[PDB]
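Here's a solo chain for you in structure tokens, the form deposited without ligand IMP.
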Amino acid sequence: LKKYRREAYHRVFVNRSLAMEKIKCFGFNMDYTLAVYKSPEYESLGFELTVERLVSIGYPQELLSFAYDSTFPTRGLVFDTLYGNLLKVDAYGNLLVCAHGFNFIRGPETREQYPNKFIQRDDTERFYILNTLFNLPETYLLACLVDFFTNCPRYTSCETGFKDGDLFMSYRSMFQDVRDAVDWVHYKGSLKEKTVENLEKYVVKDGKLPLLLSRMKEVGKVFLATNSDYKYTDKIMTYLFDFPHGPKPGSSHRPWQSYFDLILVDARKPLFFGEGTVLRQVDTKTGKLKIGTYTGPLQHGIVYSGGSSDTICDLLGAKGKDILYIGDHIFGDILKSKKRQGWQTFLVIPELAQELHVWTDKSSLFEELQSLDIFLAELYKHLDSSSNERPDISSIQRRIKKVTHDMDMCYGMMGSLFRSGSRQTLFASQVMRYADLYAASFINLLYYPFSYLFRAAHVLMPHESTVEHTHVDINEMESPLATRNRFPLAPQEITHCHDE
């Protein structure tokens, strides 16, 4: 028969095998992990605050006529501050999609600015990668701004920016203003203020969240580690646990703090994963901070501030292997470069919820592309290098392009977060680097036992996915160009020091 699998929308997907039996400590980011912001309301709120900010610093009034359009941005686009393009690139820096403003640039014209349809993604001065869910409003705003200055006649388009009279406004300078304004929106607190004053509008709520976290604390420790301050965190978490019952209905409600062994605010991630700041214990009954740990009876509170990830693991008595860290952010090679053991990782990708719907509900699109590809192979079926034939594939290519575009638009104007045609995005490549497990939401762990063995799927290369495990009887001897015309004792047991 076939392998049993849970329903698609409940699945946890496995990049690297993970024995959940061994997880003794579950760690959480808050933003977009426990506190999932409603889409597109929250993106559109960030957009407005940023636009409003730029206008009050001198950007034109026409900006206030921009409306956030959730169908345009995809996450992980690269902004080329030299030519002002949003780029969807693959794992190796090859261009997949190129948008100047809202104008999508065809392949040939792309080669003027990118002669090899390639970017050096390491040129951090030039290219800015919009990876986060917070980057989404900004991704759209950059396109809005490029489009407006392009089409407004008060400004003359040039290769690397706009002339306003005798003044040059480079794309890199505009981007600096957008970047400054997004920070300001977040770090002066205007967005949190608006968020907190209407939580029903802006934050998702779900009773399964206290349920799942209560089960996690039955088998291990549970901790929160957030860059937000305690005041914001308390307001958010109280809302998330505000039900007329506790974990199971008919049970007594209990405060959100009772679900955690350790609560860490003001984390200053990503610095948190280095040496961080000095750890201070927070006295929530007072609000007073004190570096270190309380010596007195106040030591039984669990709210902390600053610190480092290494320190938090000490407080929990949790070795790195024991920890599954659940969040929405792809971190670099910071944690594993350490002499200390790192955390295993569950990556929240909320966009996966819509993408799985495209995958399941648009089958007729996938079927047709498979059809067209099977027909194409039939047209070349018995041809080899002696054949002069040039089969007519013109129309079938045109229907391939037309079906593929239709699929793309099922995701949005910028296509799927994970691929374009046959090529994985840079983002997809980073998901595979960073995440041991991933899902639309951490809540999918509800549907798995804590003894579950998560087994990784082989990611197949072209010669594995298009060759069957069947014996191929060849009548001609294999060319010795291919075969090359083909003592330590062999190891007696498995040599895999990874176990995946």
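Each residue number is its position in the shown sequence, starting from 1.
The form deposited with ligand IMP bound is left out here; the points below concern that form.
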* Asked: If you check in the entry with it bound, is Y187 within 4.5 Å of ligand IMP, heavy atoms only?
  -> yes
* To do: Although ligand IMP is absent from this view, report whether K269 comes within 4.5 Å of it in the entry with it bound, heavy atoms only.
  => yes
* Counting only non-hydrogen atoms and a 4.5 angstroms cut-off, does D164 reach ligand IMP in the entry with it bound? -> no
* To do: Verify the contact flag for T50: yes if a non-hydrogen atom of it lies within 4.5 Å of a non-hydrogen atom of ligand IMP in the entry with it bound, no if not.
  => no
* Structure fact -> The one option of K321, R179, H245, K362 with any heavy atom within 4.5 Å of ligand IMP in the entry with it bound is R179
* Which one, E368, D310, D328, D261, lies within 4.5 Å of ligand IMP in the entry with it bound by heavy atoms? -> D328
* Can you pick the stretch from 295-303, 144-152, 225-233, 167-175 whose heavy atoms fall within 4.5 Å of ligand IMP in the entry with it bound? -> 225-233
* Structure fact -> Looking in the entry with it bound, the residues of 20-43 with a heavy atom no more than 4.5 Å from ligand IMP, listed in order, are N29, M30, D31
